[PDB]
């Protein structure tokens, strides 16, 4: 529990000499703010989309407007936001905009450079990517949400910080203002939002449904949910926005691996679209069948007509590991 003023940035981690002024900015303000020199990009385990995959020091970007975008490739929220970021990079890179996609992993499989690179290609990311496998940059920036953006002006000062998915036009308007501050009289094309649709869902979807023993918050099944294998069964009645298991499953801090060939998952949700984050090679049947292979990622299992309360069952073939259910 904490006190909060609406629109206040809910920063994580602690205060150090580099990030002490970040709290001087609010969460996604419509007007430019000023909250200190951008903290260093540190502990980056590797880079992508840069010459010889060499690192980029923010100080080398002075003179340009810089947008720091925190993401994770399997994150559905990030998947919906990134197209807007790609559009901005495309529209403004030749006008003074630099973009750095800081990839801070939510899961272990997101620490694999190859999986990340594959995810980026699918999203059309061409801008530099910094792998934040030790959460050093995420922590230095006092972030706590996916997606998250920090907008830096040409002098290296943070002028806008936005946590969460949505409100693209607010941010693009400030990016345009800063490009002009950096290069007075600069001529820019019409806003990228003109041709990039805002597909942000109403913010009342089922909470991210984790299967990791240590993160689980909505397992509506009777009875314990600890590590190791065991045989589960659906309860007489499952709570709304909750899930239950049927069959043999193996549970660990990462997720739930389908064991027996009878394993099944029942889910009561509230959304329009449903996605499952699964790893491994196998087949996934939903009550339709879907082949599962390659780097773990989101697989859409529900493409609804509208946002409403519904139920669905998923049968992961043995071997398939479920990390969570995300929504849209």
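Residue numbers count along the first chain shown, from 1.
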| item | value |
| --- | --- |
| Where residue 30 meets residue 31 in the shown sequence, the number of deposited residues left unmodelled | none |
| Average Cα temperature factor in the PDB entry - higher stretch of 179-187, 216-224 | 216-224 |
| Residue range whose averaged C-alpha B-factor is higher in the record, 241-249 or 96-104 | 241-249 |
| Residue of maximum C-alpha B factor among 72, 256, 151, 199, per deposited coordinates | 256 |
| Out of 172, 208, 165, 233, highest CA B-factor residue | 233 |
| Chain-relative CA temperature factor third for residue 307 | highest |
| Residue 317 - which third its CA temperature factor falls in, relative to the rest of the chain | highest |
| Third of the chain's Cα B-factor distribution that residue 50 belongs to, per the entry | middle |
| Entry-reported Cα temperature factor of residue 290, expressed as the chain third it lands in | highest |
| Ranked against its chain, the third holding the CA B-factor of residue 284 | highest |
